Structures are given as structure tokens and as C-alpha cells.
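Participant: Dropping a structure here in C-alpha cells format, bear with me for questions.
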Amino acid sequence: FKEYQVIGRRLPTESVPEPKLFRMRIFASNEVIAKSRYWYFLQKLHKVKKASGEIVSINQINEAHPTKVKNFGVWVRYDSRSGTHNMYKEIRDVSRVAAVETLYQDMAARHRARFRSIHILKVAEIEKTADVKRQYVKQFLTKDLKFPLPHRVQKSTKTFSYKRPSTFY
Amino acid sequence: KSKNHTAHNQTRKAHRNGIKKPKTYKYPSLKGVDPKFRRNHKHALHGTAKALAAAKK
Amino acid sequence: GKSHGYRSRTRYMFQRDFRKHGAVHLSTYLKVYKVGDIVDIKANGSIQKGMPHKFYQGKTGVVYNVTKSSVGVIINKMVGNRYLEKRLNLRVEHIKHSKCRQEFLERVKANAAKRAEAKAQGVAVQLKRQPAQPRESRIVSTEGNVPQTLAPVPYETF
Amino acid sequence: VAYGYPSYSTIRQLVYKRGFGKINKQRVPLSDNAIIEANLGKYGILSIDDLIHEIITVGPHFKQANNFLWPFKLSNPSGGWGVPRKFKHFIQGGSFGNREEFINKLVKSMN
RNA sequence: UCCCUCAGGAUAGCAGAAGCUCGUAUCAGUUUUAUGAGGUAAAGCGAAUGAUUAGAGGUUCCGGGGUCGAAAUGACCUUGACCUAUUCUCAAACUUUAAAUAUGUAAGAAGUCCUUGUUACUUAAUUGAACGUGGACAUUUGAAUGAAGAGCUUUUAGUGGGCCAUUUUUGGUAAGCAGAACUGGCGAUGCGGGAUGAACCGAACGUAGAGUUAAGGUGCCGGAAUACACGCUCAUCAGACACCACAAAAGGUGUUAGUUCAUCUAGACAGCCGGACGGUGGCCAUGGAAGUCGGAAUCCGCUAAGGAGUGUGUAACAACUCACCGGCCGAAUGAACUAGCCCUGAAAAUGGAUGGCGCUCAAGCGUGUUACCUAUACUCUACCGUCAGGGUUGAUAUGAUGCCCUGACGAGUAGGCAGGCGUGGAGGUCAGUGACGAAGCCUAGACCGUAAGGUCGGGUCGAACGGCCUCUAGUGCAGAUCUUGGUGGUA
RNA sequence: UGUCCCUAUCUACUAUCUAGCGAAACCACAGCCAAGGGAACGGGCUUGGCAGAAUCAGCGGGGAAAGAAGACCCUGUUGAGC
RNA sequence: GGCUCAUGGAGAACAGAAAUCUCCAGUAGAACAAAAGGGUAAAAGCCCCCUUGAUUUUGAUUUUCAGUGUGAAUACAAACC
RNA sequence: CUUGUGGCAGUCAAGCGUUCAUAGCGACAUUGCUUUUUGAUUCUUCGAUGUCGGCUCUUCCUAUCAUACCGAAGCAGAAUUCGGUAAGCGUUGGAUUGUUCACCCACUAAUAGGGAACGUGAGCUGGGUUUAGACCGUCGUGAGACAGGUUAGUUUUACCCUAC
């Protein structure tokens, strides 16, 4: 995935000079998707479609600090089989994009919600700890954390072994 | 016991070798045009023929 | 049995129009039709003489004959795999002129004016029409237009 | 179909390797800028690079240069399409429709 | 379309062939620009027609009556007829409005502009109308794209049971049911895939090589990662790939994620144990009701708190006990919902099928990323053929129906046409072969031909037969419960 | 009164084996199942189960076994008796 | 050529729900031989005046369609009304 | 194929059952499952797949009548009823009827329901059905008709392969 700034305006028809330039923060694997999604969302907010408007700028946005561990509190909306539901999940990751693709995977895994049936309402980094709601994140926010990895499964590149392989670590 | 009517394959049949325009000649069908306009028009054209047969010198 | 009468399936089309009932307005009759003039076919149900078949309702032809209360129109009738030359005899309330051909016949004179002018001047006429060209390179200025960051909406009932 | 915006490089590679012309229809390989300036010298194009010019920059004789060029017979792509199933639209994770700049990559692979 | 038509025919269509007139035209199952037409989807009913629920207001003049001084063209009602402004929900045979997709026409030499000619038509007219004469404007010839040649004609085959699929759709509980609309398919179609399948997906096919892919997959069968990555699921009836070979409502403190509200410095949940009261026999109903027959009220006292009472108990009390707070403990809870995968719901007959095996941080489900395997598809090349456009015996001997150059193409039932193969005879020719062996037959021997077939060697045999150019036909067999004759397996 | 409860036993002639003589019906090719799909009930197809010469006497599940261009029903612009 | 129809409202002896009379509103809610739909308000409706275009001659055109017939219809032309 | 119809089975629970929804039942609704009925259809078969029932005989299904062991109760006992695992085990003798179906008598622990080409005709039987003879009733002028009644009415072949 990638995060893209998409500024589209509206078609400048004289009698209407300087249309109000609407910016988005689309999550998309390339520009051809990032611009198609831009139009999809702005067709749900304003009377304008790709014919009646124009993309004036598309610019990839990178991570401010792409090696600081961050608690991403993401607000999301998804079409279920029966209805639609607004969710709040908390990803812990190193980039906004890496956190979002983990959300898309853990939404697809836990509610069978595929790409077409998910809207990313917001992806806000949680400033101060004690604002982290979910325990599956508050686990990894404990002073002087350590934990083993029992049952270390090494993998051969050959069919036969001679040693009776161990699972120690 | 049978079936009755279908317009299935009838387009395909038509378009295979066909759908064609009627070719549009110059000097069109002057038939079913106002009879008294015709009756006169003859004498007009005969007059123009005599006038160019006079002009040829 | 089945019904295939002349004015069959024509409830709503030979219907008059909402608050446009009653009399035909006289411009209809004062209008002049000549041979080679392209005319529409649209029946006025209030007038039940020289009225066209529902097929020809909506069609456009060209006038071939002109007589007292009526014209004669040539229409293209596809039947199977080939068009025929269908000659109608229509009273003058069931037809009108085509702005189709009016906008062409004024473009001919606009081209004639452009060319006859630009023959004896600095020439860059390009008489042919071109479709909607891919828009040229413009600079969009953000002076009191600092883009509004839109976000998608949460779901709510009503 | 798949379509997009053909770069200079990709156009040059296509008209070089797969340059074929329509001459008395008989689809004839170019192989020589004499064969271009014979048929398209009327319109002022005298070379392979002059033809590639009148395409890459949409010329007054674009129609003529493009209709002269025979429909390119490309092969299937080099490393495949990516795309497990082609016949979805590119945006969905398919291949068909307008792939803006990614046509260049596809076409060189198909070349 | 028509027929005593419905198992059939004529008809038109689709088809083949023979060509022909000319040479990129003004053609196109297409778009654009302009200009029509439409009454379907949607919408509407405080808009008409029709349907339809609810009150409020006026009723006043009027259909039901006194309640009442017998009595009120009357004070209070239920009232029917209505009218007014609101209200809920609807319409294949309602409608103001009104799409999308389909659909008409135009986008120019047969064009435009300026003069002028006849005419028995028309005009009050010297005005028109139709057709012209004579001039003028061809770079942009008056949108895009294509064009494989465009137009024209004659003749004639087969067919006229069709069926299937997404979408629209009628009848019907429904159907692998009946009948429609547009398109695509099977029929008439092989090939790769869905294990298998007429119709699904992918791709349509001369003979080969090489390369690359489609749909589909890559544990083993089985070519191809027991690939990588984040989760979910444990089933004593798991699950496993669209058409497609099923499962529903309703449930689960199974487990995962989520939504809203409430409690926490002793929470509160726990989870054990102190009290649950005085006034007061609270009003009426009654032998009786006193906390619990109910119409209902609801205050206080010290108050840590306790309904003028949540359940057992009595004729009625009394009593035990619930909220309600509290001595104890010590850091998250209480519901009410929502959906994921499982589980219950879940019963049919021979033994049994995610294709089989098996698979449990999968070889399951959801999703992402690469790599990888392979179709008669795509690219390059060879060769075969067909078609098209060309060159060339120009003295130039060896083939002008010849040779050669260049390009594209190749599926096929019914059917058409063309080029050939084979048989009995016929005319001509090779001064053909032949008792030193014709023809016939036999041949896990050979060579030619895409093929029909041809040619040769070996054997047997013993009297005729062949190539080529033409003529002619009782001319080519696997089927007809074919004919005759012979032969079998059963035996 | 073995019709039956409920069967049993016996005799002759068969069958059986031999010498001799020696047919016919039928026969696309044939001959193992389960499911699957499929002209909706397979010997052959797909996926499994499996599978070892030559065979003899019985048997009546199957070969939609054999006998015959359904005689019932419909159609036919086919007839006949009445 | 004159007029306006349904229905409602207010009114005139017998006469009342209904006989006739008068005014006011009245987009058709009437009427037009029938089925249904369309059409129509100084009319296509209702009342009154005169007639016989419901006529002669044959052709072209539209619907059904093979672009055959039949039926029905259209628009002219030439006569006479 | 379908499941209207039939058969069986849930969900909700107004209520019936002194009191008491659910011990046992259950209205108004509503979701299924089955192919032991009957329809709907006409896909297979009209150069035939022998067309009802019974007799015999095997196997299978479970939607369990009995038996084994259990749970529930408006279960004191006995008796019965409602379920669970469960098809291992059995589930009859007769009167009338061709009947399948039905209806009685009697014993039994019980006399459950079904499928397997509505199992089973080269296995039988041939009462019924449905050829030709014949009688009656009603209908038809009549020939004749009747899914009305009645009586008489040929049940062929294995020696082949497979299976056993």
C-alpha cells in the first residue's frame, strides 16, 4: 500500500472562478487507484464526478519518522452482510501505511470485510499512553518488556534429517 | 406442442449480408407529386429546352 | 384474439399534453414548407385527418410533394434487412421544421463568411470542427483557496 | 482492452522492432527509411524517427502516420500480467481498462 | 406470410456459385456535435382518476332522538350526509413530473453565393414555385475512426422440431415447467480448465520447432513453492472454489472482533455474612386484606440503609426473606446489543465419495505479495495450401495455363462449388508389355503420393494386358431386421 | 384327507459320467463392482474399490436377456367391418 | 348559425327527493349509437336553417405486408354539386 | 426436476392443564425436512423395460412398537406418558375382501413405519385389471357406450456371460 495526497478542484466554468480545491488522504497501492478512490469519496460528499472535475495534484506522502514505534488509533466503516457498522481498531506499527494494511488484513480476517466493503474514516497516531483503549496494544506498553518464543520450528531444505530435530530456543 | 414466434437470430441474419440504404439518385421520383404542378413543370422544361435551342447559334 | 389496429398501442403518444389541450396556435399554419426541406413527423391527436401511423411518430424525413392542407414526406423504413422509400401524405399540423438542418444551413454561411474574409488577410481559419480536446496545461492558484481536507463520513440511521 | 499513455521510449521500441507499414495493403516490414519517405514523404515524414515523432507528438498528419502503421502484433507479456485474473478492471486488481503510465511497463514486457 | 396448415409445403430470409460495372467511393451492427421523438425504471397522491388508515375543526340547513318547562325551526350528545385543513400506506390495465440503455435525421459539388431564361401552375403584381443559363468559392473537399475493394445482377442448395446462459420478463407453489425481449453460445466445435459433463470459464483449430500466457492451479496422485505475510476455526456430522449438485427461521457465557450506556481510591462485580425498621392496626372495599384482592396515594424519625412493601405464610396476624445499603477482600467491571468462524436446529433407504488419498499455527476460511506449471490461443521461424497484388522469353531454346516476387489467411453439420484418385467399355496414339510368363490372387519386403491411390521385389499361376490424349456409363459400399451364397461363437 | 402347522422318506425315468450321433435361439465389441456426471437407472466414461491360468455342476439377481417394425394412446388429409 | 354541458348553491301557488321558472358558481367532473382508449368548450357537444361529398373518373400513398390480396384509411388531380 | 397436496419436524407462545405458557398440549402466525400419497410436467422408453395383489426370499433406512441402559413428569406403588443413545434383536395366528387400504377376534414383549424398477411373473400364482363369448341396468333411432355390476377366459425360452 501507499498513502497519497489527492487535491481535485472541480471544472472551472466562468461565472464560477476558483472552485474550492478539495484535498484527501487516500490509501491506495498506486496513483490510478488513489485518483479513482478520490472521486469515489467526493461523489459521496459533493455533486461532482470525474467528468465535472479534475485532479490538480497527486503526491505520495511518506512517514514523518518511519522508524518510531506508533500506536495508530484507526476509525473505520465497513459494509457487513446484514448492514453497515462504524468500528474503532488500534494497530501498533512503524508507518501509517503498514498500520493500515494490517487493519485491512485484520478486518478481512475477523469480519470477512473485503477492500470494496471498507472505508478508512481516520488513521490518527495516539500521542500520550493512558489513551490506549484496547488490551491487545496495552500488553506491549509495559515497562522493561521481555518474552520467550517456545517451540522454535527450524525448517530443512532437504527431505531427510538424521538427528531427531529439537524445538529449543 | 410447437412454439409460436421468436425474433432470435433475425438481426444476425439481416446484418450478415444486408442492412443497406436505398442509394438516393439525383432527379428523384416525380410520381405521386401534385398532378397540376407536373402538368405545368413539363411545359416549363420544354420552354427551357426551346430557349437553349434558340441560344445555340 | 390479438389487436393490430391502425391507432393501436397509441394511448399516451397521440395524447395531447398537460394544459396544452384545445386549439392549435396559428404559427403552425403560417409556416411555409417547400420541397427538399427536412421536417419532423409528430401527430396532433386533436386533428384526426392526414395523421401519421405511430411508427412515423418521432421520425424525420424530407418534403417531396406540397399541396393544399398537406405535404408529402419521404421516410426510411427498415423491414428485415433493407430500407424502403415510404411516402407519407401528412396534414401540416402533424409536422414541423428541424433545427437540426437550420443549424447546419447557418454553419454553411458562417464557413462562407470566414473563408471569403480570410482569403485576403492573415490566414489561420481551420474550417473543420474538432471534438473536445484534452485540456491544456494550467496553473491552479491557492491564494485564499488553501485546500479543505475532506474525510469520509461515519454511518448513522436517518 | 488495456490502454494508457505511451512514453517516448516504448513508442520508439515498438516502431523499431514491430514497425510494419500498409503499402497496396500488403503488410510490409519497414527495415529502411526509404520505404517510409516513399509513402509518407507526401506528408513530409522522411524517416523512422520522423514517423515516431508524428505519433509521440500528435501531429497535423497523426491520422496518416497512425493509419499507415499496421496494427502491432504483440506477444503475451514476459513475466506475465501479475494479476491472478486479468478480466477485472485494473483499479480492482485486474488488468483491463486505462492503466495511465503502467501501459509502458506492460507493452515492453509484451514486446 | 399464406395454406383442412400444425410430422408437410409455397414464400421471404440466411447459403454457395457464376459473374458483372467501376476503382478507394461516401459506405459503416461505431463515436462525437446539433436537432427530434418516447411515457418505461424511478418518483407522486397536504396534484386529477381509483384505492385507503387516523383523529381535530365546522357542522346548523340537514338524515337518526329526546335527555327536557306537553312544548321550543331548542341548552348537553351520539350522530349519518357532508365541507375545511392535517394524517398513514398504494396502483399491469392511475398520473403533473420523468431517466439510463436502445432509436429518427443532419454534418455540404446532387454544396453555397450573385445575376438572369421558359411556364398552359400560382400571384394584385414585374410576387413566387420547380428546373435551369451564365459567373464566383476546391490547401481547411466543411466532425472522429475504419475501410478488409465499393456498387449490381442472375440462379439455385439446405432449412422452416431447435435448445441453453447473464440481464429484463409473463403464467405457475414450483419445475431439468410453459411462453416472450436483447445479446452471446450449442446445434454444426475440436483444444486448455471446472474430476466427470452439448451450453459454464479461457480460447476457436493447416503441418512442426522454439518462446510466452489464458482460464485453472503448484502436499501426493499431478507438470508447478509441504512459498512468504497478517488473522480466524478444533467440529463424538468440521471445512474445502463460481454455473453445480443445497440448506432456513430460531438459538449457544464455543471463541474472535466490534457498538451504546452504567459502576470504580475501595470498586462493583465479587462471594460469604448485619439489618430489611418505628409512626402504622396508612384510606376504602370485608366476618376477614394488617407489607403482598386491587383504585390508588408515598411523608418522615435516628437514619449505614430498608417499598406505608419483592417472594413463601395465614381466615386475618405473626414469622422467614428481596431490593436497600453495610464489618471483610483489593485493581477493573455490569448489562444491552452487533457480526465473523464453529456448534445445536440437520431424518431414507447397496457401500461411497472436498475427484481419491489425506490434511488441524492446514493440504480449511478471509486477504495480500512474489515465484512457478501449461492450451490447437499470442510472437518469431520453417514447410503445405488458398486468396490477393505484382514481375517476367526483350533477340534472349528448357515448360506464359510456365517460372518467379510480395502479403494476408486456414474450424465446420446440412449444403454449394472446384481439383483430382479408382472401374466396365469406346476412338486415337506409345511400330507399348507378354508363354525367356499376360491377368488374377498372396506378401509383419521396398519406394512415391496430405489423400483417393500408384509403382516395384518375392511366391503361386498360365493367356492375355497396359501408359497417355479424348468419348461413354448398369462406374467405387459397412450399415438398408438389404439380396444370394458361404461361414462361424454358442458346442 | 400332507392344502396347511412342517416337513420327511421311498420307487421309476431324467439330470450326472461314458461310447456313438449331434442341433437351435441369440451374437456391434463384449462381459467385476461403488459413487459421479450423463438421453435424468453404465460392461465401457471420470474417481475410487481392486485384479492370477483352465474350469465342472447348479442357480435364476443382472445383461433395462430372448420371442414380434406396441395390439393400449396419439398422429396420418392410410384403410377395413359395421 | 346560436348556445353551453355534469353537479352544486340560493330562491317562486298547489309543488314535496323529484313537474316548471329565475339567477350564481361551474376546464368538462357532461355529451358525442356501441367496447375501451384518444380527441373536443363561441366545439366534434345541445337547439335551429338548407341539403345529399353516403356522387362520377380512375391513378398514387399509409397500416397489416411477401412490401401480394382483402378490409379500413390518407392526400391530391379532373368533373359535378 | 418440483412439493402444491400428503407425511413428518421446528421457532414465537394468546392460552388449555385447581393454582401454573411450556409435565403433556397449543391459537394467531411462521421456518423447514421428506419423496412410503396425490398432483404438475413430458426429459428416457411406442422395431415393448411383461401393467395390481398375494406367496417366497434377502438386504437396507430410522421418522423406535417391543427389548438393553438412561433422563423428564401434574413419576408414592403398579401403570402410563414425553424424550436420549440405539436398527443388535424381533415385531404374529385368523374371519370377510382379488384387493393395496380397511375392519373385527385372539395371543404375544410387541403385533412400528418404510425402501430396494410403487423389490421380487425365463420365481410361482392369475383372484383383480384390460382382447375375443355371454347376461343385466342406464344411455344411444341404431351400430354401440359405461374408471357400472356379473360369469367363462393359453402366463413361452437359460445350454450363453456375469453374479451367487
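Chain labels A, B, ... are given in the sequence in which chains occur in the C-alpha cells; within each chain residues are numbered consecutively from 1, and ligands are likewise numbered from 1 in the order shown.
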Could you list, as an NGL selection string, every residue of chain B that has an atom within 9 Å of an atom of chain G, counting only C-alpha atoms (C1' of nucleotides)?
Facilitator: :B and (31-36)
Participant: For chain D, work out the contacting residues on chain C at 12 Å, counting only C-alpha atoms, and write them as a ChimeraX atom specification.
Facilitator: /C:126,133-134
Participant: Pull C-alpha atoms from the residues just selected and write them as a short mmCIF file (atom, residue, chain, number, x, y, z; two decimals), in the first residue's frame.
Facilitator:
data_model
loop_
_atom_site.label_atom_id
_atom_site.label_comp_id
_atom_site.auth_asym_id
_atom_site.auth_seq_id
_atom_site.Cartn_x
_atom_site.Cartn_y
_atom_site.Cartn_z
CA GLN C 126 -9.26 25.71 -39.81
CA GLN C 133 -9.51 18.32 -26.97
CA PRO C 134 -7.56 17.11 -23.88
#
Participant: Would you return as a list in words the members of region 83-158 of chain A that DSSP assigns to strand (DSSP E) on this structure's backbone?
Facilitator: residues 84, 85, 86, 87, 88, 89, 90, 91, 92, 93, 118, 119, 120, 121, 122, 123, 124 and 125 of chain A
Participant: Using only C-alpha atoms (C1' of nucleotides), which protein or nucleic acid residues come within 12 Å of region 7-13 of chain B? Drop anything in the same chain fewer than 3 positions from it, and give the result as JSON, numbers by chain.
Facilitator: {"B": [4, 16, 17, 18, 19], "C": [78, 79, 80, 81, 82], "E": [13, 14, 15, 29, 162, 180, 181, 182, 183, 184, 185]}
Participant: Write the residues of the selection above to a file with C-alpha atoms (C1' of nucleotides), as a PDB file, in the first residue's frame.
Facilitator:
ATOM      1  CA  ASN B   4     -45.099 -19.715 -31.740  1.00  0.00           C
ATOM      2  CA  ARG B  16     -24.756 -10.777 -42.179  1.00  0.00           C
ATOM      3  CA  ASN B  17     -25.204  -9.692 -45.868  1.00  0.00           C
ATOM      4  CA  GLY B  18     -27.691  -6.783 -45.518  1.00  0.00           C
ATOM      5  CA  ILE B  19     -28.834  -3.636 -43.762  1.00  0.00           C
TER       6      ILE B  19
ATOM      7  CA  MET C  78     -36.062  -0.751 -42.439  1.00  0.00           C
ATOM      8  CA  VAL C  79     -38.014  -4.064 -42.953  1.00  0.00           C
ATOM      9  CA  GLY C  80     -35.970  -7.269 -42.363  1.00  0.00           C
ATOM     10  CA  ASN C  81     -32.507  -6.452 -43.814  1.00  0.00           C
ATOM     11  CA  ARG C  82     -33.089  -3.375 -46.086  1.00  0.00           C
TER      12      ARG C  82
ATOM     13  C1'   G E  13     -34.585 -14.585 -45.109  1.00  0.00           C
ATOM     14  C1'   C E  14     -29.775 -16.973 -44.103  1.00  0.00           C
ATOM     15  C1'   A E  15     -26.038 -20.051 -48.015  1.00  0.00           C
ATOM     16  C1'   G E  29     -24.297  -3.712 -36.088  1.00  0.00           C
ATOM     17  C1'   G E 162     -34.442 -26.024 -32.185  1.00  0.00           C
ATOM     18  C1'   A E 180     -41.570 -13.762 -24.533  1.00  0.00           C
ATOM     19  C1'   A E 181     -37.216  -9.284 -25.170  1.00  0.00           C
ATOM     20  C1'   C E 182     -31.769  -8.063 -26.365  1.00  0.00           C
ATOM     21  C1'   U E 183     -27.282 -10.346 -26.747  1.00  0.00           C
ATOM     22  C1'   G E 184     -23.931 -14.379 -26.612  1.00  0.00           C
ATOM     23  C1'   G E 185     -23.413 -19.709 -27.250  1.00  0.00           C
TER      24        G E 185
END
Participant: Determine, counting only C-alpha atoms (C1' of nucleotides), which protein, DNA and RNA residues have an atom within 6 Å of an atom of region 5-22 of chain C; residues of the same chain fewer than 2 positions away are not included. Present the result as a ChimeraX atom specification.
Facilitator: /C:3,45 /G:37,63
Participant: For a quick test of understanding: name the residues of chain C lying within 9 Å of chain A when counting only C-alpha atoms, and present them as a PyMOL selection string.
Facilitator: chain C and resi 139-142+145-156
Participant: Counting only C-alpha atoms (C1' of nucleotides), which residues from chain C have an atom at most 10 Å from any atom of chain E, and could you show them as a compact mmCIF listing (two decimals) with N, CA, C and O atoms, in the first residue's frame?
Facilitator:
# COMPACT_ATOMS: atom_id res chain seq x y z
N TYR C 12 -50.88 6.95 -25.10
CA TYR C 12 -50.07 8.00 -24.42
C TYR C 12 -49.37 8.92 -25.43
O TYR C 12 -48.98 10.02 -25.00
N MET C 13 -49.18 8.51 -26.68
CA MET C 13 -48.36 9.29 -27.65
C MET C 13 -49.25 10.28 -28.42
O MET C 13 -48.81 11.44 -28.57
N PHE C 18 -50.23 17.99 -21.13
CA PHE C 18 -50.83 18.58 -19.92
C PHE C 18 -50.96 20.10 -20.09
O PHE C 18 -49.92 20.76 -20.31
N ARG C 19 -52.19 20.61 -20.02
CA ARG C 19 -52.56 22.04 -20.17
C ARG C 19 -52.13 22.59 -21.53
O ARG C 19 -51.88 23.81 -21.63
N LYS C 34 -41.50 23.78 -48.28
CA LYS C 34 -41.03 23.69 -49.68
C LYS C 34 -40.32 22.34 -49.86
O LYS C 34 -39.92 21.74 -48.85
N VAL C 35 -40.17 21.89 -51.11
CA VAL C 35 -39.56 20.57 -51.46
C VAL C 35 -38.06 20.62 -51.16
O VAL C 35 -37.42 21.65 -51.46
N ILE C 38 -36.21 19.43 -44.80
CA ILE C 38 -36.28 18.31 -43.82
C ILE C 38 -37.26 18.71 -42.72
O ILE C 38 -37.09 19.80 -42.14
N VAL C 39 -38.25 17.85 -42.45
CA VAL C 39 -39.35 18.09 -41.47
C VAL C 39 -39.48 16.86 -40.56
O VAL C 39 -39.25 15.74 -41.04
N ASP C 40 -39.84 17.08 -39.29
CA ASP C 40 -40.18 16.01 -38.31
C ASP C 40 -41.58 15.47 -38.63
O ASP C 40 -42.29 16.10 -39.43
N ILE C 41 -41.94 14.34 -38.01
CA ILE C 41 -43.31 13.77 -38.01
C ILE C 41 -43.73 13.55 -36.55
O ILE C 41 -43.09 12.73 -35.87
N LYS C 42 -44.76 14.28 -36.10
CA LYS C 42 -45.34 14.18 -34.74
C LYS C 42 -46.82 14.59 -34.79
O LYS C 42 -47.09 15.80 -34.87
N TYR C 56 -44.17 6.29 -37.66
CA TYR C 56 -43.62 7.55 -38.21
C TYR C 56 -43.61 8.65 -37.15
O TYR C 56 -42.83 9.59 -37.31
N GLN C 57 -44.42 8.54 -36.09
CA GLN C 57 -44.34 9.49 -34.95
C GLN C 57 -42.90 9.42 -34.42
O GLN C 57 -42.44 8.30 -34.13
N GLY C 58 -42.22 10.57 -34.35
CA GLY C 58 -40.83 10.69 -33.89
C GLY C 58 -39.83 10.73 -35.04
O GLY C 58 -38.72 11.24 -34.82
N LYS C 59 -40.19 10.20 -36.22
CA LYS C 59 -39.29 10.14 -37.39
C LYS C 59 -39.04 11.54 -37.95
O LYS C 59 -39.81 12.47 -37.62
N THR C 60 -37.99 11.67 -38.76
CA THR C 60 -37.64 12.87 -39.56
C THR C 60 -37.44 12.42 -41.01
O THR C 60 -36.69 11.45 -41.22
N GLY C 61 -38.10 13.09 -41.95
CA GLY C 61 -37.93 12.87 -43.39
C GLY C 61 -37.65 14.17 -44.11
O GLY C 61 -37.25 15.14 -43.45
N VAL C 62 -37.87 14.18 -45.43
CA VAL C 62 -37.70 15.38 -46.30
C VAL C 62 -38.96 15.51 -47.16
O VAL C 62 -39.43 14.48 -47.68
N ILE C 75 -39.63 8.93 -45.87
CA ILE C 75 -39.02 8.36 -44.63
C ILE C 75 -38.35 7.03 -45.00
O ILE C 75 -38.83 6.36 -45.94
N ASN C 76 -37.30 6.67 -44.26
CA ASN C 76 -36.52 5.41 -44.44
C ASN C 76 -37.10 4.35 -43.50
O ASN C 76 -36.96 4.51 -42.27
N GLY C 80 -36.86 -6.10 -42.26
CA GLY C 80 -35.97 -7.27 -42.36
C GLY C 80 -34.52 -6.84 -42.39
O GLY C 80 -33.94 -6.67 -41.29
N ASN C 81 -33.97 -6.62 -43.58
CA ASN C 81 -32.51 -6.45 -43.81
C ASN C 81 -32.23 -5.35 -44.84
O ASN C 81 -31.16 -5.40 -45.48
N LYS C 96 -43.27 19.54 -38.32
CA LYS C 96 -42.59 20.83 -38.01
C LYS C 96 -41.19 20.81 -38.64
O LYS C 96 -40.73 19.72 -39.04
N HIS C 97 -40.54 21.98 -38.72
CA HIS C 97 -39.15 22.12 -39.24
C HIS C 97 -38.17 21.54 -38.23
O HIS C 97 -38.51 21.46 -37.03
N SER C 98 -36.98 21.17 -38.71
CA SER C 98 -35.88 20.55 -37.92
C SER C 98 -34.75 21.57 -37.75
O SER C 98 -34.09 21.89 -38.76
N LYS C 99 -34.55 22.06 -36.53
CA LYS C 99 -33.42 22.97 -36.17
C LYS C 99 -32.08 22.25 -36.39
O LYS C 99 -31.06 22.95 -36.53
N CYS C 100 -32.10 20.91 -36.41
CA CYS C 100 -31.04 20.02 -36.98
C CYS C 100 -30.45 20.66 -38.24
O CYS C 100 -29.24 20.96 -38.24
N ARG C 101 -31.30 20.86 -39.25
CA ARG C 101 -30.89 21.31 -40.61
C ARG C 101 -30.73 22.84 -40.63
O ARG C 101 -29.98 23.33 -41.50
N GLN C 102 -31.41 23.56 -39.72
CA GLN C 102 -31.32 25.04 -39.60
C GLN C 102 -29.92 25.43 -39.09
O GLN C 102 -29.38 26.42 -39.60
N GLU C 103 -29.38 24.68 -38.13
CA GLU C 103 -28.05 24.95 -37.51
C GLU C 103 -26.92 24.58 -38.47
O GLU C 103 -25.82 25.16 -38.34
N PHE C 104 -27.15 23.62 -39.38
CA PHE C 104 -26.19 23.29 -40.47
C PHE C 104 -26.20 24.43 -41.50
O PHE C 104 -25.12 24.97 -41.79
N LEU C 105 -27.38 24.81 -42.00
CA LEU C 105 -27.54 25.77 -43.13
C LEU C 105 -27.07 27.18 -42.73
O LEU C 105 -26.80 27.97 -43.66
N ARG C 107 -24.34 27.32 -40.43
CA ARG C 107 -22.88 26.99 -40.35
C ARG C 107 -22.25 27.08 -41.75
O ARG C 107 -21.07 27.46 -41.82
N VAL C 108 -23.00 26.73 -42.80
CA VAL C 108 -22.54 26.82 -44.22
C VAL C 108 -22.20 28.28 -44.54
O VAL C 108 -21.14 28.52 -45.15
N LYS C 109 -23.07 29.21 -44.13
CA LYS C 109 -22.91 30.67 -44.38
C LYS C 109 -21.81 31.24 -43.47
O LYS C 109 -21.13 32.18 -43.91
N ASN C 111 -19.13 29.50 -42.45
CA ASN C 111 -17.92 28.99 -43.15
C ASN C 111 -17.63 29.86 -44.38
O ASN C 111 -16.45 30.19 -44.60
N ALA C 112 -18.67 30.19 -45.17
CA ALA C 112 -18.59 31.03 -46.39
C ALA C 112 -18.06 32.42 -46.05
O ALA C 112 -17.27 32.96 -46.84
N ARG C 115 -14.16 32.11 -44.72
CA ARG C 115 -13.22 31.79 -45.83
C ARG C 115 -13.08 32.99 -46.76
O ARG C 115 -11.93 33.38 -47.04
N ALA C 116 -14.20 33.54 -47.25
CA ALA C 116 -14.26 34.70 -48.16
C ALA C 116 -13.56 35.91 -47.53
O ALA C 116 -12.94 36.70 -48.28
N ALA C 124 -5.43 31.83 -40.68
CA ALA C 124 -5.39 30.64 -39.80
C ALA C 124 -6.83 30.27 -39.42
O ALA C 124 -7.24 30.53 -38.27
N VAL C 125 -7.56 29.69 -40.38
CA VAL C 125 -9.06 29.56 -40.35
C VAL C 125 -9.44 28.21 -39.72
O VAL C 125 -10.20 28.24 -38.72
N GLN C 126 -8.93 27.09 -40.24
CA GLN C 126 -9.26 25.71 -39.81
C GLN C 126 -10.79 25.54 -39.79
O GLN C 126 -11.38 25.54 -38.69
N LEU C 127 -11.40 25.41 -40.98
CA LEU C 127 -12.87 25.46 -41.20
C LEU C 127 -13.57 24.25 -40.55
O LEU C 127 -14.70 24.42 -40.07
N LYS C 128 -12.93 23.07 -40.57
CA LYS C 128 -13.43 21.82 -39.92
C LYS C 128 -13.64 22.05 -38.42
O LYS C 128 -12.91 22.87 -37.83
N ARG C 129 -14.58 21.31 -37.83
CA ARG C 129 -14.80 21.24 -36.36
C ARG C 129 -13.86 20.17 -35.78
O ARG C 129 -13.53 19.22 -36.52
N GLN C 130 -13.46 20.34 -34.52
CA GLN C 130 -12.66 19.33 -33.77
C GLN C 130 -13.41 18.98 -32.49
O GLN C 130 -14.06 19.84 -31.90
N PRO C 131 -13.38 17.70 -32.03
CA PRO C 131 -14.02 17.32 -30.77
C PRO C 131 -13.36 17.95 -29.54
O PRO C 131 -12.40 18.69 -29.70
N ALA C 132 -13.88 17.65 -28.34
CA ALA C 132 -13.37 18.15 -27.04
C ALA C 132 -11.92 17.69 -26.84
O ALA C 132 -11.70 16.50 -26.53
Participant: Which distance in Å separates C1' of residue 199 (chain E) and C1' of residue 243 (chain E), to one decimal?
Facilitator: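 Spanning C1' of residue 199 (chain E) to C1' of residue 243 (chain E) is a straight-line distance of 11.0 Å.
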